[PDB]
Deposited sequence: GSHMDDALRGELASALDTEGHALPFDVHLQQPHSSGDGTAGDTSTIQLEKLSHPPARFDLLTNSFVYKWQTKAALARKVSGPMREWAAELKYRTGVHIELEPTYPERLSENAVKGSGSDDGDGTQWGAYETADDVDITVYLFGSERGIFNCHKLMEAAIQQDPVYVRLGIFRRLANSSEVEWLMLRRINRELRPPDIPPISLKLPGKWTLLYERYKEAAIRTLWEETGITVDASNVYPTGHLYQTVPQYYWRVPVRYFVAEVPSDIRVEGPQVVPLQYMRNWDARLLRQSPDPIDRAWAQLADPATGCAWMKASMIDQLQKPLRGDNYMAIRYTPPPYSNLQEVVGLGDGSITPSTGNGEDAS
């Protein structure tokens, strides 16, 4: 796959807070600094590949991040959070990186999810392809160790929503879907000031043939659950594990599950209507009836 103005204030001398590179500073809000670092620090890593400059963020007034009620007091939303961006690199680096950021501020970095479903014989219900990605141990305090997810990752710099959903679908399942068969189904943005770095998420759906070859993760494959012990996990007290043993393929790390099961499994850590809120097809797709979410 094919992998208004920002006022930078040059620091004549670097503060010992970080100790012949140049150092530039940008004072802005989390509404904008969210996009220069991106969904998973990935847009920052890409600004690093393209220009070589390193980026670091820090709240300007972290003390306001501890108050509950509202220059002083609690922040109302995560977008009013004051953020200080520091750029480290050559002068041509900060220069080249400066416009890339000025094009990134106008984009909308998001996480993307492609709900892949298949029809069943003797059926009006459908099954969805499910993954279990094991999260890094350097993760915020509200993110569990293992995430039961549908295929999808995040957009790259300059990448549109649906192409990212198509790209990252193949990266985690080896399945190739055509753009004419992907339909947008919704978007969520639920963040709180303390999680000022959270980006929204765009949702899509598509139907694959019932006999489709599910190869599994094609990128970072050891970052997903596979080759588990069938009996060991069958006695786990977590209902998701007990569901993973019964349904998932240990060779690929993928499982086909009904929407009545997904919402039940996701109910503790998400709530009700998990599938219907995210993956309800639009009427023009002739898919609402076959999906069964209405």
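In this chain the deposited sequence has gaps in the coordinates at 1 to 26, 30 to 43, 60 to 62, 114 to 124, 349 to 363, listed in sequence order.
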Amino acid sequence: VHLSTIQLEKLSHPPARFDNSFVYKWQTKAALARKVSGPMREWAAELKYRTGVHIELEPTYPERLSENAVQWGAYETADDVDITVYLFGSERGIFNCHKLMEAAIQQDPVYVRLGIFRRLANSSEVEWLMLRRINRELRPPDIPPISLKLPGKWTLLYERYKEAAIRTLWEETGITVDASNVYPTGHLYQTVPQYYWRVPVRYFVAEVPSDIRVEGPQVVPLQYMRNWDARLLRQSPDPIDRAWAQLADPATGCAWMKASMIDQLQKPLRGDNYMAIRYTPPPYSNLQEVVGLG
From here on, numbers count along this sequence of modelled residues.
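Comparing 158 to 166 with 118 to 126, the higher mean C-alpha B-factor in the PDB entry belongs to 118 to 126. Stretch comparison (200 to 208 versus 140 to 148) by mean CA B-factor in the PDB entry places 140 to 148 on top. When the C-alpha B-factors of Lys258, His54, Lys35, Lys267 are ranked from the entry, the top spot goes to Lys267. Per the deposited coordinates, the residue with the largest Cα temperature factor out of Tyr183, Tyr111, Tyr195, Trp72 is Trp72. Per the deposited record, the Cα B-factor of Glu46 falls in the lowest third when ranked against the other modelled residues of its chain. Residue-level temperature factors show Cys254 in the lowest third of its chain, judged at the C-alpha atom.
Per the PDB record, residue ranking by Cα B-factor puts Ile175 in the lowest third of the chain. For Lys99, the recorded CA temperature factor ranks within the highest third of the chain's modelled residues.
Annotation for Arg92: CA B-factor lies in the highest third of the chain's modelled residues.
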